[PDB]
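Same chain, two versions here, written out as structure tokens and called structure 1 and structure 2.
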Structure 1
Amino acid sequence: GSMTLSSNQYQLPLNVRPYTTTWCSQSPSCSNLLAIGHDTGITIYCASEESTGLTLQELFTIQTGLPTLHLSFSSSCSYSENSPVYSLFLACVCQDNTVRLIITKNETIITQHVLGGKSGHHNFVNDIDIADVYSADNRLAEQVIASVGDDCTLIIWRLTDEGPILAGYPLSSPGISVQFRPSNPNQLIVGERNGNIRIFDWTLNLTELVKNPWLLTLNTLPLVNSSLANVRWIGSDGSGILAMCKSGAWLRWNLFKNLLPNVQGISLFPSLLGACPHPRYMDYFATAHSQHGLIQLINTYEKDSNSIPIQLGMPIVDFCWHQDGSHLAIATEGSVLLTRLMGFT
């Protein structure tokens, strides 16, 4: 099954290899910003109204000197039209296995916090996320960064008003994904390589030597008959959980014999990158055959209908939904595509 669509392709400069793509969805005023992490930093594009639809305009490049492998925007990002200045707050992972908070005025990094050495991860970092925690008086109490790696550790990095607070929690296998809960930054979900899914409230024990800080542990292993690709909250309130295996087997739990998933299925292709849930419709998610350049659109509650909107004929590096739910940004090895699915308009 195909879909009616329109795509624009923008070449990256010849010496630039992309690694990751993300929209600045966490901050409404900056929701049209697209970031591409590449071999020498982060390039920021701006999606604007053109016939109809969107076009990409490169704004600037944040220089880091090494590849950026994972990236997450903060809700603290803001725009001011004085000399237009974007004040960005980026959480990212770099080739040197550091976890970073990058604070910019346009391309200029005015402040940077780097977690490495003995304090950070001792192996490859696989995923990162960031959340803003507000006081009872509605002020920015702290910014919290969560990261997981092949050192089988979840690191909670809290940047508070009075210095950083650092905490590490053991995993039973490499951490392969992490994400704060929508509408509740006190909670997050962690995907382990072995199929374990940890749900965690990191504010509860603020009781040191504890192998079980977790609130709840789900598990894909007894349900799929290889390693876990990712796990994501779905819903604006995180009322559901979507897990995807590398094989293409996906599982969905709704939170509100209720021991099995509410529904599961298997994608047409393997999913090296995992699932990318739709911003507006819980039932929909996108998954890619990254090596062959295909993207399948799956509805979890729909009949077994095979919908493949995108075929590129070249490898896909990363992709992500625009917050409007009709646009996808797709990175290939030498370009970025802006694709508009007409069915979602």
Structure 2
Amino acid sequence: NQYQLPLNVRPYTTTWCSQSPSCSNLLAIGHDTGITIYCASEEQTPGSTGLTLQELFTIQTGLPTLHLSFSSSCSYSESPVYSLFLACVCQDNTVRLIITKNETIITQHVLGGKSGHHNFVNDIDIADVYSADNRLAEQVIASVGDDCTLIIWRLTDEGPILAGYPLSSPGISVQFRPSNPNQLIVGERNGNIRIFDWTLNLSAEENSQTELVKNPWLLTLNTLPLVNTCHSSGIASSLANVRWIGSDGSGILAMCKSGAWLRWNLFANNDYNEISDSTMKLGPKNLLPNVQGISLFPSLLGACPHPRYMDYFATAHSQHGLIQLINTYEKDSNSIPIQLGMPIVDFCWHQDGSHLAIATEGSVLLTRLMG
């Protein structure tokens, strides 16, 4: 009913390749000495459905990988060769793009020193940007740290351009808006959520004349002050993470460390329209969350949104091995579909939403859920 596999090395983070279509079936475990890649194989020999994990190889970097994200530049070809590009955060506060053929690293691009972070780096994301036609114009790496900075690292055909933006407190989570890679979301420790357009200053003002500046900080949403409608006394909680909801980034989910979560339905759930059909006739609304609740358990890692169903997210009790599945909608019906009896290190959804991958201290798991 669920697959399990032991680990020889202590893990920190787990992520699915969803950015590359041909590699959509592999899992990376960031661990003490590098990055092990696993393959999700559909095969189950007795004659049934049921996935398994095959430990492919380990990229040795010589130091802990704490956060990690697959690039789209990841590909498979035929000796069979996995050609990988990995955006990594490492123990030395560096942000890296690691380029491999299987285990072997051809090149690491490292952001450190003066231009990098000068404290713990909490989150990282990568996004693809397309030019006039559908050509691949730029790849962008965003990172946030305890140094209260957001760093944007643009990998252009010409080379690297980077910029840093101050934050009001530590930056604990960052994510590019799905289907809109020019916007990103940043969650600060103090609960302030910021939507940021890294793009609108370079196109008109930064590169040339006539230097008429626009504010790239589009919106601040407040989290902590707006909780209590469910329902926390929460004596000084902080933000665990903030995530875009929907394949178009139409919604926003914030999770506090206390378990208190909040949802905004900002944009239309649609490829084209930004303004939601809902806004169009009931009038302009305020920026209060649309719905909120509180998880059964405090949430160290934050919410893990379902990659397909908007209303569903998973949140874990990391210390006790419980994962609660929450439907936002759906008020006060409590479901804990997974209980392990041991700590959780990290977990993520299978790229297709059928399974959850979970790293514990001694093993990695695949668990299917239906509905």
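In this text, rigid core is short for the largest set of C-alphas that superpose within 1.5 Å between two forms. By convention here, residues take numbers in order along the sequence of structure 1, the first being 1.
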With the two forms fitted on the rigid core, I'd like to know which residue in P174, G248, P213, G240 is displaced by 2 angstroms or more at its CA between structures 1 and 2. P213
How many angstrom apart are the two C-alpha positions of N15 between structures 1 and 2, if you fit on the rigid core? 5.0
Rigid core superposed, the C-alpha shift at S335 between structures 1 and 2 in Å: 0.8
Can you give me the Cα shift for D137 between structures 1 and 2? Core-superposed, in angstrom, one decimal please. 2.7
